[PDB]
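Structural overview for review
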Amino acid sequence: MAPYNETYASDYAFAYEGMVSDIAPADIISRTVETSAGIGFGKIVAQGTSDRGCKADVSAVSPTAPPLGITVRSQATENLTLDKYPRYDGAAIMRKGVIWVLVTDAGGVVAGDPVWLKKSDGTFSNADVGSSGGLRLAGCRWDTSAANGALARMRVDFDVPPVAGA
Amino acid sequence: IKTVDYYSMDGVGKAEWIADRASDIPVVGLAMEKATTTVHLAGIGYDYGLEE
């Protein structure tokens, strides 16, 4: 009977942090979490050192060492970390479907835009940062107009090599 | 007969850690093999003369 965090919303929300939207194709890949803390749901991941592991640290990704994919919302995750994949757990990375993610940009994004990754934190945006600290995920595009700090769905394809931007 | 040959077989696979609805599930496989040997002919015999 818990009425806390009641906002009396006008209508239903759109999605959650890492939920997918149904479509026939999806590469979902099982990896093992390597970071000491968990990994959030809609997040980018790099290639681990365990030959099948992944890390949440993408500060050193390059066109030669591209990022691995994006985690998905699992909803059965050990109930000790709130919404995360705990250490030593199947990660369920996705690299082909359409997924809801979080926007980090001042002016927001619109339907068809490039997707730029900020290597410092691992956040998605519309344009390059400008100090050799951003990559462009070459095969990727948005699918929703959204403001700053809101959820937008994007279409992703990680087999296309990334592009470095200074 | 000329040769003797005969048959064997072996299989190969690997299992892995997977979780959370992913399509990644590994697979196994099988094989077979044949091997051969040969067979040859030899001989010995005697003789004698008419006055032996």
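Under the PDB entry, chain B has the name Major capsid and belongs to uncultured cyanophage. According to its PDB record, this entry is titled "Cyanophage Pam3 capsid asymmetric unit".

By the naming in the PDB entry, chain A goes by Cement and is assigned to uncultured cyanophage.

Turning our attention to the environment of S62 of chain A. Along the chain, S62 of chain A falls in the loop between β4 (53-55) and β5 (69-71). Take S62 of chain A: its relative accessible area is 26%, and that puts it in the partly exposed class.

Below, the discussion takes up the sheet that holds strand β3 (residues 44-47) of chain A. All names here are of chain A. Pairing in this open sheet of six strands is mixed, and the strands run β1-β6-β5-β3-β4-β2 from one edge to the other. Edge positions in the sheet fall to β1 (28-29) and β2 (32-33), since each of these pairs with one other strand and no more. In the sheet, β3 pairs with β4 via two bridges, with the strands oriented antiparallel. Bridging across to β4, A46 finds its partner in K55.

By the element assignment, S30 of chain A lies in the loop between β1 and β2. Those residues within four positions of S30 of chain A in sequence are excluded, and the remaining contacts are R52 and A92 of chain A together with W17, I18, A19, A22 and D24 of chain B.

Conventions used here
Residues numbered from 1 in each chain as written, not as in the entry; some residues may be left out. Chains lettered and ligands numbered in written order. Part of a larger assembly, values for the part shown. Heavy atoms only, no water. Helix = DSSP H or I, 4+ residues; strand = E, 2+ residues; numbered from the N terminus. Buried < 20%, exposed > 50% of the residue type's maximum accessible area, 1.4 Å probe, protein only. Pairing = 2+ DSSP bridges. Contact = heavy atoms within 4.5 Å.

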